[PDB]
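Visitor: Take this structure first; my questions come after.
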Amino acid sequence: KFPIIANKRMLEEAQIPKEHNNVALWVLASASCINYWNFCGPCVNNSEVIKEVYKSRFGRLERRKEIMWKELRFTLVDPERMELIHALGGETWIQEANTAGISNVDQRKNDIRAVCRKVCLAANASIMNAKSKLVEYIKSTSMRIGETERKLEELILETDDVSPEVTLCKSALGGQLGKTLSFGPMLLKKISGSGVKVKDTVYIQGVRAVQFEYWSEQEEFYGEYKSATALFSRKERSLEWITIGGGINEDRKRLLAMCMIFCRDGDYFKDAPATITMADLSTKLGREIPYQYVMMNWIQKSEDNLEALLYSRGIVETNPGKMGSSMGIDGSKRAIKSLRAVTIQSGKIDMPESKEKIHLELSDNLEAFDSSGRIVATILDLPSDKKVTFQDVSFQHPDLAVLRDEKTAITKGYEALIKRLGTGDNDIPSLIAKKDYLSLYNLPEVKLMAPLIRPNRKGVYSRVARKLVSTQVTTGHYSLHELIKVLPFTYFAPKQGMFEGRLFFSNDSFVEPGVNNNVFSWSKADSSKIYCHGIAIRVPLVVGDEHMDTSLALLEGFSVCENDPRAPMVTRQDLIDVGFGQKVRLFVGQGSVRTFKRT
Amino acid sequence: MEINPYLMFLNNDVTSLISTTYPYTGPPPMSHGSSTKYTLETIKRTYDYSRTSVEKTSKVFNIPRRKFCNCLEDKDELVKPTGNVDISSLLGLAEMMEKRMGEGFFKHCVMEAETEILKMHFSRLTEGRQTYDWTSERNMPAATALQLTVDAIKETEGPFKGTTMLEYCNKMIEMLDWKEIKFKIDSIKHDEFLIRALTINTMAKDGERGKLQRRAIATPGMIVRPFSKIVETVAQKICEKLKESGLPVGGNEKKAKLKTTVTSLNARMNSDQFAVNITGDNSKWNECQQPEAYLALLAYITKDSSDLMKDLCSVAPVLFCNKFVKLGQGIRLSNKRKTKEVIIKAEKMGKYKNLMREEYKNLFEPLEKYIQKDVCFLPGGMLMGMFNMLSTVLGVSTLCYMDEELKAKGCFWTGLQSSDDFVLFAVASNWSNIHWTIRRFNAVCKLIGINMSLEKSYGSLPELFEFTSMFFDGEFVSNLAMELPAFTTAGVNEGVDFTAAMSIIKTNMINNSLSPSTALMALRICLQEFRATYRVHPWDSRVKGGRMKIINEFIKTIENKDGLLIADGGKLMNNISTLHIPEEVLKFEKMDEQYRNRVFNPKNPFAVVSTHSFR
Amino acid sequence: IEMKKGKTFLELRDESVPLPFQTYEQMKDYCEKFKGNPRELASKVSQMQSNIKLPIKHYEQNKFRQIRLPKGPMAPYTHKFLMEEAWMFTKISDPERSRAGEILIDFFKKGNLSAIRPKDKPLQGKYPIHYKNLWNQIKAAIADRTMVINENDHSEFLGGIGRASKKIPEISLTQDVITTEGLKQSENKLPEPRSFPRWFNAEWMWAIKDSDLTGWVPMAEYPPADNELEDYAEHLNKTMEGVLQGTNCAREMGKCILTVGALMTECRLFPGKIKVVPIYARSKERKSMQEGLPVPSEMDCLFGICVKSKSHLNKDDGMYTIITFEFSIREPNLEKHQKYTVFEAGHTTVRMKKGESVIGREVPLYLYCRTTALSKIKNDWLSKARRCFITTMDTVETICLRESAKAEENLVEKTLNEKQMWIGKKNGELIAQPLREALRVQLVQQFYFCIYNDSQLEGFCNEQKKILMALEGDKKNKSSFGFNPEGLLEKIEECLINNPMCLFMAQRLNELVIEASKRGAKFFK
């Protein structure tokens with residue numbers, strides 16, 4: 001009851017009465033006494049002393065306030081910060097927050113590569129105008145790259161960063177290459193040998209057949225994955241030998257699988273898995289796909305497929321003196337048993353360099369060819385479309401971006417509803433002052449927003465919205481905010497039914513009267529503003545009382561009145577059987593109760 | 001349909017989902033007690049793991065003294081635990097470890113520990129889990145029993161004005177020789193006080209992750225506390241320099257040790273050798289550590305150093321070689337219909353032996369010799385959760401062994417050891433010599449009492465193992481040591497608990513036991529626990545509790561609701577990047593100056609020192 | 001300076017020493033001069049190695065075996081409240097009367113409780129007369145606006161049936177008294193082993209479904225955000241909450257929270273008195289009957305009533321007793337419901353949609369009566385149920401970062417909507433669902449851990465880890481080797497008795513190893 005101890009003179013000198021409002025507060029004392037002390041008591045000025053004594057904590061706070069937060073990225077491992085290492089970088093994720101240093105080049109590289117991927121994907125919507133639409137997109141895409149407002153017709157060339165997208169977009173510009181290759185996310189290169197194309201078949205389900213191509217001669221290559229390296233030699237649709245020098249489990253499994261597909265080694269190039277027969281669709285929406293990229297996509301779906309692919313490669317028992325250089329099914333460095341024709345080692349294999357630049361030729365599918373086939377890039381080797389916000393960018397030509405979603409549609413609808421006000425005749429305030437609400441149910445903007453409404457039960461929404469509108473106009477008590485809020489629903493015809501308390505658009509979002517929401521919010525002391533997903537919008541007018549009268553904007557046939565606990569709680573359904581002169585409480589939001597009276 | 005929440009283990013790993021197998025951290029509702037039957041079973045198994053039958057009647061108690069050290073007999077069926085230690089091999093392993101680390105290694109460490117002890121104030125002893133008063137004969141926090149002891153010294157033979165560890169220790173020593181001793185009022189004689197000082201009590205508390213095998217965690221008295229602290233300080237100064245010792249700290253450093261070990265191993269052996277790992281769990285780690293061997297070992301350590309440490313380090317061991325264990329509450333009698341029930345204490349169980357059941361009788365007669373009044377003169381073993389550091393030193397000594405018998409065959413081992421859990425890494429060039437190496441290791445371990453279990457130790461190729469709940473793998477090291485606070489058990493103040501909980505969450509994030517979303521969820525849960533403990537709520541909430549009443553009226557006088565404190569109808573403002581920063585420091589510039597100065601008023605009747613404390 | 005010595009201390013030090021040495025000085029001299037002779041030591045360790053027979057098996061030539069569960073009657077229901085067979089009256093929530101003492105009175109006013117009049121003869125039970133008279137006393141207490149119960153005859157009996165007797169002082173005892181009363185040591189009983197429960201799967205299934213009402217468990221607010229890390233965390237938390245709050249497991253968690261929160265206050269302010277406490281919960285939103293979207297509806301729900309005996313929580317390790325009278329519309333079966341005495345209390349009504357209106361269909365009503373004990377620690381353990389969420393959240397994020405790190409990009413939504421997870425077997429074939437839908441299974445598992453927690457479950461959970469690690473080693477082709485498998489199987493079988501969670505998990509683990517045998521080589525059939 002009074003566990004907390006206290007002082008005596010310190011209490012009386014402050015004149016703290018016990019049982020102020022039936023709370024004893026107290027030598028001993030309660031805990032509420034502290035609340036009474038901090039709400040009504042003596043006033044000091046000791047801020048400077050507190051700051052000086054606790055200088056370390058407030059200096060830590062200052063430093064914290066002196067941060068410029070940056071982006072974060074999920075990845076792995078191939079003093080002033082120790083105060084924050086917990087929140088700076090973990091093990092699977094990390095945040096690049098900086099303090100004073102600034103240099104915007106690698107982020108600029110990421111931006112340019114992202115936009116190049118974007119444009120090259122956008123051009124994949126026809127069968128004939130590929131190069132044309134591509135180049136036109138390029139010419140219609142400018143950027144505020146870094147600090148200079150440059151165009152996207154010279155950066156792709158001035159830059160030196162190998163990538164499937166950079167090459168796929170620069171070949172159309174007759175730009176120089178570096179003899180590098182790109183089979184999917186992997187990066188390849190030739191070392192020695194050469195060959196010619198040859199065709200073969202592969203079954204699906206054991207009955208059908210599909211044609212693929214390969215090389216019959218011997219040829220050595222240099223595969224490479226994130227945090228991995230390798231060297232290998234392909235001979236007659238099969239992988240002869242291979243070695244790896246980058247030690248990671250997942251990077252070694254994926255790199256080996258990619259190099260195997262590149263060598264088409266394995267029986268799954270004779271027959272196919274029972275999972276592919278479920279589809280047998282080596283095709284896009286309206287285009288064709290080779291067998292290699294289909295197999296790859298089948299790999300990306302699940303690691304069980306990766307393990308099966310690796311089992312297709314022969315597994316044997318390691319011999320003495322080779323454990324140090326063996327491998328395992330899961331990328332284990334050494335194991336009693338390993339895979340056939342494999343060799344692990346430490347240290348990344350030094351990659352060679354080719355100082356011979358060339359130019360390729362694009363095809364219908366944008367596939368580039370330097371010579372003797374030897375595809376260098378394509379769209380097939382790209383990730384799926386990933387929407388990402390682009391800034392410091394200008395994209396004018398059609399297909400730039402759909403830029404059409406229900407959220408944006410609603411935002412624009414509400415912007416139009418707000419502008420319609422226009423402080424003039426044939427607009428909201430004139431019809432209000434005239435008490436002509438029927439015209440409100442016929443404006444154009446509401447008709448433009450109508451498609452955004454839930455279709456199944458739009459009649460009841462319209463009924464309730466017209467009720468609110470008319471009841472607020474006729475009486476003359478209204479609030480432009482709630483009006484504009486419910487107007488988009490006063491278009492269709494009214495009907496009978498059950499209403500619940502929320503008005504749903506077609507994207508499952510909603511609006512509710514007498515309450516606030518992300519889609520639509522407002523408050524007094526800022527009535528000149530209307531938030532839309534946090535985007536503050538302005539009112540073409542000014543009001544100090546037109547909104548202050550919301551007694552009729554909460555319910556349909558009721559009006560707020562003074563609070564009274566005696567009044568009984570009800571729901572929105574029993575409202576039908578209430579009478580007059582009968583007060584009733586009701587929830588108007590989260591833990592917000594208010595009293596109402598009919599009419 | 002059926003359900004099996006394990007099929008997710010087929011197409012997934014185990015290092016990512018093993019955590020879902022254990023319940024969530026918290027206080028165990030089991031209420032694991034320390035009854036008499038359990039204590040008697042413990043003492044029996046202790047005397048048995050001693051494989052000897054030698055004895056020597058004492059002179060201070062007139063009681064036998066099973067001397068189970070350096071006298072192994074009954075070799076048969078030796079795969080089961082043993083506790084008989086050999087001094088020769090023990091000192092040999094210690095010398096090997098010294099040779100590896102260096103010559104002036106033990107000397108340097110003991111000197112550091114000494115100098116550290118000198119400037120220490122005895123008041124530190126107030127920092128302890130729990131103890132056992134030797135006057136009231138109960139369990140209490142450390143501060144209470146310390147005050148009792150000092151005021152008893154005052155009441156009996158004047159005050160203790162040392163104010164230092166050394167004077168405290170010498171005062172304890174002197175008290176061992178006083179014939180009469182007083183305390184608030186009554187006094188006692190020499191023998192009774194001696195016994196009381198060497199008593200131990202069985203505590204039921206066992207709170208941690210992993211396993212709650214500490215049913216009967218032993219809590220000593222107050223006389224021996226400082227010597228135990230000294231020995232642990234020395235053992236700690238030693239355990240830091242050892243690479244294969246994951247006891248003193250955990251988490252980030254523990255992973256550093258793990259990966260360093262694995263990489264050094266891979267870089268050590270050759271192309272013909274292939275290694276293997278084993279996850280071991282020593283069984284009966286408390287019923288096979290004898291303080292006699294610790295005494296000999298501490299002697300070997302301090303052999304060349306200031307005689308001060310020679311005598312000091314030799315105190316706690318002998319105090320544990322002679323330890324009376326308080327038998328718990330005695331049995332009860334009852335008639336056939338159970339309508340009547342008699343209750344007897346431990347001191348009288350020897351008076352009604354003819355009634356107790358057989359299983360309870362055969363478990364009591366062989367020990368009747370060693371009972372004195374209500375306690376049992378246990379001359380060895382190590383029941384308390386004490387000396388973990390020193391036991392770890394012995395384990396590390398076990399792992400640093402190597403000779404020529406192995407070298408000739410081209411095999412070796414290494415690994416890592418916590419208090420009673422370890423991980424072994426064997427190396428060889430044959431799928432048979434591995435067995436020979438493992439058996440050699442088990443033999444050298446059994447020579448000095450450190451045993452190993454067979455139903456709880458498994459093993460496989462190098463990729464997979466476990467250590468202190470940190471399931472290591474090629475990558476994705478998974479931890480399971482997620483701690484959290486608990487207010488109801490430890491209620492202090494409305495201005496400290498929250499900062500402590502935030503600091504705890506921060507630590508857990510450092511140790512990889514928590515991730516961003518998990519940390520935020522944990523924070524929003526601990527905030528609510530705080531509120532419910534101290535009975536405080538925000539202003540938005542429509543609560544009607546006492547503390548809210550006044551807050552429900554003196555609230556409209558303020559606008560900086562954000563600046564309000566959680567303790568005063570406040571709202572949360574801390575987040576991931578603002579844990580080290582207390583909420584006070586984060587809301588100072590925002591609180592309305594009125595409320596601010598009303599809080600930071602040093603002229604009040606009562607971490608940022610707030611006007612929210614409960615003295 | 002030196003540690004000034006006494007006398008008794010020195011005598012002890014000289015006494016307690018190793019065997020061959022009889023004085024502290026001889027042992028000390030032997031230590032300070034110990035030299036290394038690795039040859040004798042090597043011979044000694046070899047001798048020890050010879051007289052030890054350490055077996056080492058490989059799980060391949062000598063595989064595991066299926067676990068033998070106990071045999072006997074089925075394990076009955078154990079949790080305090082009823083989960084699947086429950087029922088609740090509802091009413092609109094008033095913020096001015098938001099307390100147990102007030103909520104119960106309001107529920108009583110409209111007169112649906114007073115109408116509950118159990119007939120004399122039960123369906124299955126032990127002490128019908130006591131439970132019936134106690135229910136009458138509860139209604140009487142509630143009507144009088146005082147939650148206390150004055151007469152102490154029924155509560156006393158039903159709380160004391162476990163143990164109550166006299167006590168004779170030890171000092172007043174002799175041999176003739178003993179011979180007269182036949183006193184002996186009170187024999188200690190053991191829990192009888194039980195069989196596998198055949199009602200657990202149904203409970204799990206029911207728990208995974210989605211409840212009509214929603215918002216059962218309260219949570220705190222969300223502080224501001226200042227970067228992408230906190231935004232991502234907030235998004236993930238919101239997703240998980242929106243998926244889970246709507247399940248039935250959430251309903252049971254919220255009930256435990258709000259009801260135990262009331263028992264912990266009754267046991268603190270009115271000890272030594274008999275009080276009445278409701279078993280209630282509070283909701284905050286539902287799903288429209290015309291639309292599958294959420295809609296605000298704050299509401300109260302009453303599942304039953306629970307009486308309290310005298311509780312001090314400072315003696316008998318703080319054990320106290322309660323008695324529960326719960327409502328249900330599902331008749332019982334003798335096996336699952338063994339600890340329950342059941343009655344039939346008139347009828348009630350069920351309400352369902354009909355076009356644009358609501359209608360009502362009458363059904364019977366049953367009253368489940370049961371007695372049980374509790375403690376201070378169990379209260380602290382049930383009140384803190386929210387932690388389940390934390391655990392479940394952790395598993396979600398293990399999968400949502402590992403993957404995000406393998407591909408080095410945000411894949412949260414993608415994995416949640418695509419990554420398929422095995423959940424069970426139907427018609428002898430696996431069933432898989434997205435992660436967004438398997439969170440429910442994870443959460444119910446964590447909850448059940450929180451409910452049936454006891455030493456048996458700890459032992460089981462600490463042992464299964466070895467079987468799981470062995471299985472993992474099998475998957476990845478590693479010659480896992482052990483020392484004594486049969487000993488481990490015995491360690492697991494010794495902790496399997498009268499605990500439906502442990503028996504269920506053991507059965508499912510057997511089935512798991514069986515199903516994996518199609519791809520593993522370390523288990524029998």
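Residue names in the structure tokens use chain letters A, B, ... in the order shown, residue numbers from 1 in each chain, and ligand numbers from 1 in the order shown.
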Residues of chain C no more than 9 Å from chain A, counting only C-alpha atoms: send them over as a PyMOL selection string.
Guide: chain C and resi 92-96+226-229+284+288-291+293+295-298+356-357+401-402+404-410+419+476-478
Visitor: Could you list, with a cut-off of 6 Å and counting only C-alpha atoms, the residues of chain A near chain B, each shown with its nearest atom pair and the distance in Å rounded to one decimal, rows sorted by chain and ascending number, as a Markdown table?
Guide:
```
| residue | atom | partner | partner_atom | distance |
| --- | --- | --- | --- | --- |
| A:4 | CA | B:614 | CA | 5.3 |
| A:6 | CA | B:605 | CA | 5.4 |
| A:7 | CA | B:605 | CA | 4.9 |
| A:10 | CA | B:605 | CA | 5.0 |
| A:32 | CA | B:547 | CA | 5.0 |
| A:38 | CA | B:598 | CA | 5.1 |
| A:43 | CA | B:598 | CA | 5.3 |
| A:44 | CA | B:597 | CA | 5.2 |
| A:86 | CA | B:510 | CA | 5.1 |
| A:87 | CA | B:577 | CA | 5.8 |
| A:320 | CA | B:272 | CA | 5.6 |
| A:321 | CA | B:272 | CA | 4.2 |
| A:323 | CA | B:271 | CA | 5.8 |
| A:324 | CA | B:271 | CA | 4.1 |
```
Visitor: Keeping N, CA and C atoms, export the residues of the selection given above as a short mmCIF file (atom, residue, chain, number, x, y, z; two decimals), in the first residue's frame.
Guide:
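Resulting contents of part21.cif:
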```cif
data_model
loop_
_atom_site.label_atom_id
_atom_site.label_comp_id
_atom_site.auth_asym_id
_atom_site.auth_seq_id
_atom_site.Cartn_x
_atom_site.Cartn_y
_atom_site.Cartn_z
N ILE A 4 6.74 2.54 -0.72
CA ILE A 4 7.75 3.53 -1.03
C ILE A 4 8.01 4.42 0.17
N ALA A 6 9.90 7.82 2.05
CA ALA A 6 10.07 9.21 1.66
C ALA A 6 10.73 9.97 2.80
N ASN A 7 10.85 11.28 2.61
CA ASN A 7 11.31 12.20 3.64
C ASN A 7 10.13 12.97 4.21
N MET A 10 10.87 17.30 3.48
CA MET A 10 10.74 17.45 2.04
C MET A 10 9.29 17.33 1.59
N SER A 32 1.79 6.58 -6.65
CA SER A 32 1.05 7.69 -7.24
C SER A 32 1.56 9.04 -6.73
N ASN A 38 5.16 15.23 -9.85
CA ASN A 38 5.59 15.70 -11.15
C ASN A 38 4.50 16.44 -11.91
N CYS A 43 9.17 24.03 -9.00
CA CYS A 43 9.84 24.18 -10.28
C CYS A 43 11.27 24.66 -10.03
N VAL A 44 12.24 23.96 -10.63
CA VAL A 44 13.65 24.28 -10.51
C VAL A 44 14.18 24.62 -11.90
N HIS A 86 25.55 -3.15 -32.84
CA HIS A 86 24.35 -3.98 -32.77
C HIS A 86 23.37 -3.62 -33.88
N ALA A 87 23.23 -2.33 -34.17
CA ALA A 87 22.28 -1.85 -35.17
C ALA A 87 22.94 -1.48 -36.49
N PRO A 320 43.33 -42.00 -50.92
CA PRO A 320 44.29 -41.31 -50.05
C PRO A 320 45.04 -40.20 -50.78
N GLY A 321 45.60 -39.26 -50.03
CA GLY A 321 46.31 -38.15 -50.61
C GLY A 321 45.45 -37.17 -51.37
N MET A 323 42.03 -36.35 -50.06
CA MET A 323 41.04 -35.75 -49.17
C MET A 323 41.22 -34.24 -49.14
N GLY A 324 42.46 -33.79 -49.01
CA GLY A 324 42.74 -32.37 -48.99
C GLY A 324 42.19 -31.63 -50.20
#
```
Visitor: Could you work out which residues of chain B fall inside 6 Å of chain C? Count only C-alpha atoms, and format the result as a JSON list (two decimals) with C-alpha atoms, in the first residue's frame.
Guide:
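See result.json below for the written result:
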```
[["chain", "number", "residue", "atom", "x", "y", "z"],
["B", 1, "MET", "CA", -5.59, -35.02, -42.76],
["B", 2, "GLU", "CA", -2.89, -35.44, -40.17],
["B", 3, "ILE", "CA", -0.25, -33.07, -38.90],
["B", 4, "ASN", "CA", 3.40, -33.46, -38.22],
["B", 7, "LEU", "CA", 8.12, -32.72, -42.08],
["B", 8, "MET", "CA", 9.61, -29.28, -42.55],
["B", 23, "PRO", "CA", 10.22, -24.04, -25.32],
["B", 29, "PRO", "CA", 7.34, -23.83, -13.65],
["B", 30, "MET", "CA", 8.61, -27.27, -12.66],
["B", 92, "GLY", "CA", 52.13, -34.03, -15.85],
["B", 170, "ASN", "CA", 42.26, -13.04, 8.54],
["B", 174, "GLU", "CA", 40.72, -16.00, 13.71],
["B", 300, "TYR", "CA", 51.76, -26.75, -8.31],
["B", 303, "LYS", "CA", 54.83, -23.31, -6.20],
["B", 308, "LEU", "CA", 51.01, -14.96, 0.38],
["B", 318, "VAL", "CA", 40.55, -27.70, 2.15],
["B", 333, "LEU", "CA", 4.72, -41.29, 8.83],
["B", 334, "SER", "CA", 1.05, -42.07, 8.30],
["B", 335, "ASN", "CA", -1.48, -44.76, 9.11],
["B", 339, "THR", "CA", -6.23, -39.84, 8.35],
["B", 340, "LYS", "CA", -3.26, -39.22, 10.70],
["B", 341, "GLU", "CA", 0.21, -38.05, 9.72],
["B", 342, "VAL", "CA", 3.37, -37.58, 11.81],
["B", 355, "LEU", "CA", 9.62, -47.99, 9.73],
["B", 356, "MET", "CA", 10.90, -46.44, 6.51],
["B", 443, "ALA", "CA", 41.45, -43.10, -21.41],
["B", 444, "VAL", "CA", 43.48, -40.02, -20.63],
["B", 454, "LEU", "CA", 27.62, -42.53, -23.91],
["B", 455, "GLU", "CA", 23.90, -41.77, -24.30],
["B", 458, "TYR", "CA", 27.54, -38.28, -30.75],
["B", 459, "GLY", "CA", 29.81, -37.51, -33.67],
["B", 460, "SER", "CA", 30.26, -37.24, -37.40],
["B", 461, "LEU", "CA", 32.41, -35.65, -40.13],
["B", 516, "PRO", "CA", 15.68, -6.80, -36.26],
["B", 517, "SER", "CA", 12.04, -7.92, -36.40],
["B", 518, "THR", "CA", 12.58, -10.26, -33.47],
["B", 524, "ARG", "CA", 7.19, -4.10, -27.62],
["B", 572, "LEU", "CA", 7.55, 4.74, -26.54],
["B", 573, "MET", "CA", 10.21, 6.54, -28.57]]
```
Visitor: Can you measure CA of residue 421 (chain B) to CA of residue 232 (chain B) for me? One decimal in Å is fine.
Guide: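 About the pair CA of residue 421 (chain B) and CA of residue 232 (chain B): they are 19.2 Å apart.
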